[PDB]
Structure formats: C-alpha cells, structure tokens
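Sequence positions, counted from 1, serve as the residue numbers for this chain. Counting convention: from 1, in listed order, for ligands and their atoms alike.
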Amino acid sequence: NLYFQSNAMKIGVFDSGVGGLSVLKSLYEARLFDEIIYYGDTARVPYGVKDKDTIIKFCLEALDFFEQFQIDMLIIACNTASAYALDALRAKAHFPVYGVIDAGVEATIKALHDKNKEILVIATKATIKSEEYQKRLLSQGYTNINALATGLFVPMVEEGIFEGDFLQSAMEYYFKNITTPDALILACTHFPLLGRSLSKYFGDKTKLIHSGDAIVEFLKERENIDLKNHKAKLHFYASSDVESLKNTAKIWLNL
Ligand SMILES: N[C@H](CCC(=O)O)C(=O)O
Ligand SMILES: [Cl-]
Ligand SMILES: [Cl-]
C-alpha cells in the first residue's frame, strides 16, 4: 500500500552560506524536529555586504527551492536575510516563516530585564543598516544601545580564525573606544564561532546573546512543539560545492 509523512515535523533552514550551521546546531540539539532540510546559498554568499533588492531576490529564490520539500515551516537562520526578506517571504509562503532578529531581541530583554542596561549589537553592514535591531530595542525602551558593523568577522570565521593575535587586532579595530556592554547580541550566523574570544575580550560583565539559542526559545513559545525522541534527520543542500558544506557541518555539529 501507500504511506505518506504522518505527524512528522519537517522544517527548512535557510542561510546565505555555511554560517547558518550555528543556528542548525541549536535547533538540532534542542530535539524539536524529526527532519531538517538545510540550504545554504554558498555560490553567492555573502549577503551582508550587498543591497536590499539583491538580498530579497535571493531569498525568494530560496523559497522556490524549498517548495519541493513540503516543509511545515521555514527558519531564516541568516540575520541579514532576516533584516530584509521576511515580509516578502511571508507574502508568498503558505507556512510559517521565522527569522532570528525578533528572537534575539526577546532573548536580550529576558537576559537584561532592565531597559537601562547597555546593549552592543554586532552584525554585517546590511543588518546594521536595516535598523531592525535598533528599532525593535528602541520600541521596548532600550535606548542604551550601540549598533556596529563588524564585517571582517565573517570571512575570518570562514578562514577558521577563532582566536589569536590577528583576531585580537580585529576586535581592537572594531571596538576601540567602545564602552563595555551588559549584553552583546551576536547578530550574525558566523559570530558564535568567535564567542569565546569575544567573551574574553569584553570580560564577564558582558552576556553574549546567541541567535540560535534565541530562536529555539522563541519557537517553543510560538509553535506547538513536543520534544522529539531522537535527533532530527538532516539533509544538506547548497548552490555550490555541497560536500564542503556537509564537511563543515560534521565538524561544527559533531556528527
Ligand atoms: N549569514 C549572514 C552572514 C554571512 C553573509 O554576509 O551572508 C548573517 O547572518 O548576517
Ligand atoms: Cl521572526
Ligand atoms: Cl520587538
């Protein structure tokens, strides 16, 4: 006879490239889903230095890619995509689509629970320029905020630079004459890879807000998700050299 997917929770995760694995890791370890389809646009990455129209266009193409999979919802792991493409994605999609920005703001408010505390948001140029984090935080009365583009962190992470003198110099470059924040929002998929180094740089007064952990808490509240028995079945796709993506995933997720 014939069986089709019954009660199985299958979702898509989209990112501009490999960075989004940091979000995949959180979703995977949280045991929320039975199956996850990851797609990274590695042929065209990065998005963070490009313009709104291009970013939106690329995301809508990604939505097209996913429509062959019958997913229950789509997570936009990419902070840059989350900053620009959500309206357009939702207008087209007939399943829920969630980005990581709202979640990250919510996580920051839970961590600080004091609108007077200092927040530093670090992200790509496009994300900062969107003013999405700034507007959300301001609308909640959190006005003690700095928003800084720390663009070089993206290719440094891709080159495997997670500590050392060169990374210290990049941190000094971006953070010179910056006040030490009470919370640092890692508003870019690549930035958790630098978390240990960022925390050492700023010291123990600074709480790091991880976008992947944030979206996990957000999803548990917004959707009806029972914890699953096993880890999800993972499928990886990429617009270029998918084997490299899988390799990085095996390392980052300890598969
Ligand atoms: N995925 C992007 C970083 C890499 C890129 O610029 O595309 C983000 O989270 O902002
Ligand atoms: Cl969202
Ligand atoms: Cl908000």
Side-chain angles (χ1 to χ4, degrees), residues 11 13-26 38-52 54-56 58-59 62 73-90 93 95-110 112 115 119 121-143 145 147-159 185-194 209-212 214-219 221-223 238-240 245 248 252:
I11 66 147
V13 172
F14 172 68
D15 180 56
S16 61
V18 302
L21 293 173
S22 67
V23 174
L24 183 68
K25 184 170 187 295
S26 304
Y38 184 94
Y39 174 62
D41 188 12
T42 54
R44 306 188 295 201
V45 70
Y47 288 8
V49 291
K50 296 165 181 166
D51 62 298
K52 173 173 75 71
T54 299
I55 292 160
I56 291 179
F58 288 176
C59 292
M73 78 181 166
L74 174 60
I75 305 307
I76 308 302
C78 183
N79 300 75
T80 297
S82 291
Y84 292 100
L86 295 188
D87 287 349
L89 287 170
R90 287 163 173 161
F95 42 77
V97 179
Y98 295 110
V100 290
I101 296 176
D102 189 353
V105 170
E106 167 181 335
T108 305
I109 294 173
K110 287 185 188 163
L112 296 181
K115 66 158 190 57
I119 301 173
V121 181
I122 57 169
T124 63
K125 283 192 179 177
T127 297
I128 297 303
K129 191 171 293 176
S130 79
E131 295 177 0
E132 289 288 329
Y133 279 94
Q134 297 92 309
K135 285 171 156 77
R136 291 183 171 276
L137 286 165
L138 291 177
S139 75
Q140 287 296 316
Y142 281 72
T143 61
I145 61 194
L148 283 183
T150 58
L152 254 307
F153 287 171
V154 166
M156 291 174 85
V157 163
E158 294 193 12
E159 280 208 10
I185 306 183
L186 303 177
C188 175
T189 51
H190 291 52
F191 297 179
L193 280 295
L194 303 184
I209 310 300
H210 184 292
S211 291
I215 190 59
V216 168
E217 299 303 303
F218 179 101
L219 291 174
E221 299 158 359
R222 258 72 180 176
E223 296 290 334
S239 55
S240 65
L245 169 60
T248 302
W252 289 13

Need the list: ligand 1 N/O atoms against protein N/O atoms, distance under 3.5 Å, rounded to one decimal.
residue	atom	partner	partner atom	Å
ligand 1	1 (N)	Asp15	OD1	3.0
ligand 1	1 (N)	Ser16	OG	3.1
ligand 1	1 (N)	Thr189	OG1	2.9
ligand 1	6 (O)	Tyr47	N	3.4
ligand 1	6 (O)	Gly48	N	2.8
ligand 1	7 (O)	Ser16	OG	2.6
ligand 1	7 (O)	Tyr47	N	2.7
ligand 1	9 (O)	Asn79	N	3.1
ligand 1	9 (O)	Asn79	OD1	3.2
ligand 1	9 (O)	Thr189	N	2.9
ligand 1	9 (O)	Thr189	OG1	3.3
ligand 1	10 (O)	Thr80	N	3.3
ligand 1	10 (O)	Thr80	OG1	2.7

Flag this pair as yes if the NZ/CZ of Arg44 is under 6.0 angstrom from the six-membered ring centre of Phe58 and inside a 45 degree cone about the axis; otherwise no. yes
Taking every non-hydrogen atom, the tightest pair across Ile128 and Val121: CD1-O, 4.0 Å
Taking all non-hydrogen atoms of both residues, which atom of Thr42 and which atom of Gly17 are closest, and how far apart? CG2-CA, 3.7 Å
Could you tell me how the ring of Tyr47 sits relative to the ring of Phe14: parallel (under 30°), tilted (30 to 60°) or perpendicular (over 60°)?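 Because their plane-to-plane angle lies in the 30° to 60° range, the rings of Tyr47 and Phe14 count as tilted.
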Going by distance alone, is a donor N or O of one side chain under 3.5 Å from an acceptor N or O of the other, for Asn79 and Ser82?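 Looking only at side-chain atoms, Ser82 and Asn79 do not form any donor-acceptor pair under 3.5 Å.
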Which residues satisfy the side-chain contact (heavy atoms from CB on, under 4.5 Å) test with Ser22, sequence neighbours excluded?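 So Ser22 forms a side-chain contact (heavy atoms from CB on, under 4.5 Å) with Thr189, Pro192.
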